[PDB]
Amino acid sequence: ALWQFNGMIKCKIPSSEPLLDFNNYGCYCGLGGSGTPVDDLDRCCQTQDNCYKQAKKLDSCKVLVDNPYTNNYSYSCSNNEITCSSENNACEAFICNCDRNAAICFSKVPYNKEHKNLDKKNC
Ligand SMILES: [Ca+2]
């Protein structure tokens, strides 16, 4: 979950401190999400939100109250690449992949310092 996701982002964007730079970005980067994403970074977050939401409709994820933000999985970072571990059971493997996709997206889009701390009246 989170602790793991923060590391995935640091794996790809080494200079970052994720919970500081990507927290409260746009309408999607943070808890919840509503409106239209303000940019590509925000669209990344929207997508991940939809993935988590999707992890929910899976029989494999039904029995894990811990929640994906805190549903712990195994992965690795070796020379800036993320690898989800085969040892992850069905649900965690799916959440892992959602987080890998997002950390990769984040590293491929521009950061607009105009959208952090964005007021939720724009969503
Ligand atoms: Ca979100």
# chains A, B, ... in the order shown; residues from 1 in each chain; ligands from 1

call {"tool": "residues_near_ligand", "arguments": {"ligand": "ligand 1", "cutoff": "6 Å", "atoms": "only C-alpha atoms and all ligand atoms", "output": "number ranges by chain"}}
result
A: 28-33, 45, 49

call {"tool": "write_last_selection", "arguments": {"atoms": "C-alpha atoms", "output": "short mmCIF file (atom, residue, chain, number, x, y, z; two decimals), in the first residue's frame"}}
result
data_model
loop_
_atom_site.label_atom_id
_atom_site.label_comp_id
_atom_site.auth_asym_id
_atom_site.auth_seq_id
_atom_site.Cartn_x
_atom_site.Cartn_y
_atom_site.Cartn_z
CA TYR A 28 -7.30 12.76 -7.83
CA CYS A 29 -3.89 12.52 -6.20
CA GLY A 30 -4.90 11.85 -2.61
CA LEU A 31 -7.97 10.18 -1.08
CA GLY A 32 -11.05 10.13 -3.26
CA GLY A 33 -11.23 11.84 -6.60
CA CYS A 45 -3.88 9.31 -10.21
CA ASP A 49 -8.02 5.20 -8.32
#

call {"tool": "select_by_dssp", "arguments": {"residues": "range 8-122 of chain A", "states": "helix (DSSP H, G or I)", "output": "count of residues only"}}
result
46

call {"tool": "residues_around", "arguments": {"residues": "residue 81 in chain A", "least_positions_apart": "3", "cutoff": "8 Å", "atoms": "only C-alpha atoms", "output": "PyMOL selection string"}}
result
chain A and resi 11-12+76-78

call {"tool": "write_last_selection", "arguments": {"atoms": "N, CA and C atoms", "output": "PDB file, in the first residue's frame"}}
result
ATOM      1  N   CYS A  11      11.658   5.010  -6.379  1.00  0.00           N
ATOM      2  CA  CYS A  11      12.433   4.115  -7.212  1.00  0.00           C
ATOM      3  C   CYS A  11      12.632   4.759  -8.577  1.00  0.00           C
ATOM      4  N   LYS A  12      11.541   5.252  -9.160  1.00  0.00           N
ATOM      5  CA  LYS A  12      11.563   5.896 -10.486  1.00  0.00           C
ATOM      6  C   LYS A  12      12.006   7.396 -10.464  1.00  0.00           C
ATOM      7  N   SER A  76      10.261  -5.031  -5.646  1.00  0.00           N
ATOM      8  CA  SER A  76      11.642  -4.597  -5.547  1.00  0.00           C
ATOM      9  C   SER A  76      11.998  -3.430  -6.488  1.00  0.00           C
ATOM     10  N   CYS A  77      13.044  -2.714  -6.108  1.00  0.00           N
ATOM     11  CA  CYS A  77      13.543  -1.646  -6.933  1.00  0.00           C
ATOM     12  C   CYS A  77      14.998  -2.009  -7.200  1.00  0.00           C
ATOM     13  N   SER A  78      15.346  -2.280  -8.441  1.00  0.00           N
ATOM     14  CA  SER A  78      16.733  -2.578  -8.739  1.00  0.00           C
ATOM     15  C   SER A  78      17.025  -1.644  -9.897  1.00  0.00           C
TER      16      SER A  78
END

call {"tool": "closest_atom_pairs", "arguments": {"of": "range 41-60 of chain A", "to": "range 104-116 of chain A", "cutoff": "9 Å", "atoms": "only C-alpha atoms", "output": "CSV"}}
result
residue,atom,partner,partner_atom,distance
A:41,CA,A:106,CA,5.8
A:42,CA,A:115,CA,8.9
A:44,CA,A:105,CA,5.9
A:45,CA,A:106,CA,8.4

call {"tool": "select_by_dssp", "arguments": {"residues": "chain A", "states": "strand (DSSP E or B)", "output": "list in words"}}
result
residues 25, 29, 75, 76, 77, 78, 81, 82, 83, 84 and 116 of chain A

call {"tool": "closest_residue", "arguments": {"among": "A:68, A:120, A:59, A:101", "to": "residue 83 in chain A", "atoms": "only C-alpha atoms"}}
result
A:101

call {"tool": "atom_distance", "arguments": {"atom1": "CA of residue 10 in chain A", "atom2": "CA of residue 88 in chain A"}}
result
20.9 Å

call {"tool": "residues_around", "arguments": {"residues": "range 92-98 of chain A", "least_positions_apart": "4", "cutoff": "9 Å", "atoms": "only C-alpha atoms", "output": "mmCIF file with N, CA, C and O atoms, in the first residue's frame"}}
result
data_model
loop_
_atom_site.group_PDB
_atom_site.id
_atom_site.type_symbol
_atom_site.label_atom_id
_atom_site.label_comp_id
_atom_site.auth_asym_id
_atom_site.auth_seq_id
_atom_site.Cartn_x
_atom_site.Cartn_y
_atom_site.Cartn_z
ATOM 1 N N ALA A 1 0.870 -1.195 0.000
ATOM 2 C CA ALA A 1 0.000 0.000 0.000
ATOM 3 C C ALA A 1 0.891 1.224 0.000
ATOM 4 O O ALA A 1 2.046 1.028 -0.374
ATOM 5 N N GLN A 4 4.588 1.243 0.454
ATOM 6 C CA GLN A 4 5.148 0.608 -0.737
ATOM 7 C C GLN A 4 5.064 1.504 -1.941
ATOM 8 O O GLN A 4 5.985 1.520 -2.760
ATOM 9 N N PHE A 5 3.947 2.219 -2.077
ATOM 10 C CA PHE A 5 3.776 3.099 -3.228
ATOM 11 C C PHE A 5 4.744 4.255 -3.216
ATOM 12 O O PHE A 5 5.201 4.696 -4.266
ATOM 13 N N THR A 47 -6.507 7.130 -12.875
ATOM 14 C CA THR A 47 -6.360 5.766 -13.367
ATOM 15 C C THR A 47 -6.098 4.776 -12.266
ATOM 16 O O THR A 47 -6.619 3.665 -12.306
ATOM 17 N N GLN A 48 -5.220 5.150 -11.336
ATOM 18 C CA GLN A 48 -4.875 4.296 -10.219
ATOM 19 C C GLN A 48 -6.068 4.133 -9.315
ATOM 20 O O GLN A 48 -6.289 3.055 -8.775
ATOM 21 N N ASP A 49 -6.815 5.217 -9.119
ATOM 22 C CA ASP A 49 -8.024 5.199 -8.320
ATOM 23 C C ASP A 49 -8.995 4.191 -8.891
ATOM 24 O O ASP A 49 -9.598 3.427 -8.135
ATOM 25 N N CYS A 51 -8.255 1.609 -10.741
ATOM 26 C CA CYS A 51 -7.611 0.300 -10.600
ATOM 27 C C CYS A 51 -7.934 -0.253 -9.199
ATOM 28 O O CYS A 51 -8.360 -1.398 -9.055
ATOM 29 N N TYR A 52 -7.743 0.574 -8.175
ATOM 30 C CA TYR A 52 -8.042 0.177 -6.794
ATOM 31 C C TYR A 52 -9.508 -0.167 -6.659
ATOM 32 O O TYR A 52 -9.901 -1.171 -6.061
ATOM 33 N N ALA A 55 -9.879 -3.396 -8.028
ATOM 34 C CA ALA A 55 -9.361 -4.469 -7.208
ATOM 35 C C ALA A 55 -10.468 -4.917 -6.276
ATOM 36 O O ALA A 55 -10.588 -6.087 -5.947
ATOM 37 N N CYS A 61 -9.946 -10.280 -3.413
ATOM 38 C CA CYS A 61 -9.727 -9.193 -2.461
ATOM 39 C C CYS A 61 -10.749 -9.142 -1.345
ATOM 40 O O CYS A 61 -10.648 -8.314 -0.444
ATOM 41 N N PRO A 68 -6.126 -1.642 0.352
ATOM 42 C CA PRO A 68 -4.947 -1.484 -0.524
ATOM 43 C C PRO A 68 -3.915 -0.377 -0.216
ATOM 44 O O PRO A 68 -2.739 -0.533 -0.549
ATOM 45 N N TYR A 69 -4.349 0.743 0.376
ATOM 46 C CA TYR A 69 -3.435 1.836 0.728
ATOM 47 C C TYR A 69 -2.561 1.255 1.859
ATOM 48 O O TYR A 69 -1.410 1.640 2.069
ATOM 49 N N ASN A 71 -2.689 -2.457 2.256
ATOM 50 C CA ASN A 71 -2.735 -3.882 1.921
ATOM 51 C C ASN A 71 -1.307 -4.084 1.456
ATOM 52 O O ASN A 71 -0.969 -3.706 0.321
ATOM 53 N N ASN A 72 -0.462 -4.596 2.357
ATOM 54 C CA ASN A 72 0.967 -4.815 2.087
ATOM 55 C C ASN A 72 1.334 -5.899 1.090
ATOM 56 O O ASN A 72 0.961 -7.057 1.276
ATOM 57 N N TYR A 73 2.129 -5.529 0.082
ATOM 58 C CA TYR A 73 2.645 -6.463 -0.916
ATOM 59 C C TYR A 73 4.183 -6.379 -1.018
ATOM 60 O O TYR A 73 4.806 -5.476 -0.483
ATOM 61 N N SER A 74 4.790 -7.342 -1.687
ATOM 62 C CA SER A 74 6.242 -7.360 -1.882
ATOM 63 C C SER A 74 6.562 -6.946 -3.314
ATOM 64 O O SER A 74 5.870 -7.334 -4.234
ATOM 65 N N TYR A 75 7.668 -6.236 -3.478
ATOM 66 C CA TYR A 75 8.139 -5.754 -4.771
ATOM 67 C C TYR A 75 9.587 -5.394 -4.571
ATOM 68 O O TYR A 75 10.063 -5.355 -3.456
ATOM 69 N N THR A 83 9.652 -4.185 -9.600
ATOM 70 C CA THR A 83 9.254 -5.534 -9.939
ATOM 71 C C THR A 83 8.296 -6.028 -8.903
ATOM 72 O O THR A 83 8.569 -5.906 -7.728
ATOM 73 N N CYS A 84 7.114 -6.456 -9.308
ATOM 74 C CA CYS A 84 6.188 -7.007 -8.341
ATOM 75 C C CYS A 84 6.589 -8.449 -8.084
ATOM 76 O O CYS A 84 7.006 -9.193 -8.974
ATOM 77 N N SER A 85 6.472 -8.859 -6.842
ATOM 78 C CA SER A 85 6.897 -10.180 -6.506
ATOM 79 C C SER A 85 5.916 -11.294 -6.778
ATOM 80 O O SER A 85 4.756 -11.186 -6.443
ATOM 81 N N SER A 86 6.404 -12.403 -7.326
ATOM 82 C CA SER A 86 5.573 -13.581 -7.644
ATOM 83 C C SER A 86 4.920 -14.151 -6.407
ATOM 84 O O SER A 86 3.946 -14.886 -6.454
ATOM 85 N N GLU A 87 5.517 -13.835 -5.288
ATOM 86 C CA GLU A 87 5.060 -14.310 -4.019
ATOM 87 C C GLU A 87 3.811 -13.563 -3.600
ATOM 88 O O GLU A 87 3.243 -13.897 -2.572
ATOM 89 N N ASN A 88 3.389 -12.525 -4.327
ATOM 90 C CA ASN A 88 2.159 -11.809 -3.915
ATOM 91 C C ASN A 88 0.932 -12.656 -4.248
ATOM 92 O O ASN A 88 0.841 -13.205 -5.337
ATOM 93 N N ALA A 102 1.158 3.360 -11.889
ATOM 94 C CA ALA A 102 1.052 4.756 -11.470
ATOM 95 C C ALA A 102 2.383 5.430 -11.273
ATOM 96 O O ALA A 102 2.575 6.544 -11.738
ATOM 97 N N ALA A 103 3.336 4.732 -10.652
ATOM 98 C CA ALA A 103 4.666 5.292 -10.399
ATOM 99 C C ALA A 103 5.414 5.559 -11.702
ATOM 100 O O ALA A 103 6.204 6.506 -11.810
#

call {"tool": "atom_distance", "arguments": {"atom1": "CA of residue 37 in chain A", "atom2": "CA of residue 91 in chain A"}}
result
26.9 Å

call {"tool": "residues_around", "arguments": {"residues": "residue 60 in chain A", "least_positions_apart": "2", "cutoff": "7 Å", "atoms": "only C-alpha atoms", "output": "MDAnalysis selection string"}}
result
chainID A and resid 58 62 90:91

call {"tool": "write_last_selection", "arguments": {"atoms": "C-alpha atoms", "output": "PDB file, in the first residue's frame"}}
result
ATOM      1  CA  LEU A  58     -12.459  -9.177  -7.169  1.00  0.00           C
ATOM      2  CA  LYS A  62     -12.749 -10.156  -0.351  1.00  0.00           C
ATOM      3  CA  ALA A  90      -3.950 -12.663  -6.162  1.00  0.00           C
ATOM      4  CA  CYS A  91      -5.246  -9.415  -4.574  1.00  0.00           C
TER       5      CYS A  91
END

call {"tool": "atom_distance", "arguments": {"atom1": "CA of residue 65 in chain A", "atom2": "CA of residue 6 in chain A"}}
result
20.9 Å

call {"tool": "closest_residue", "arguments": {"among": "A:15, A:80, A:70, A:46", "to": "residue 27 in chain A", "atoms": "only C-alpha atoms"}}
result
A:46
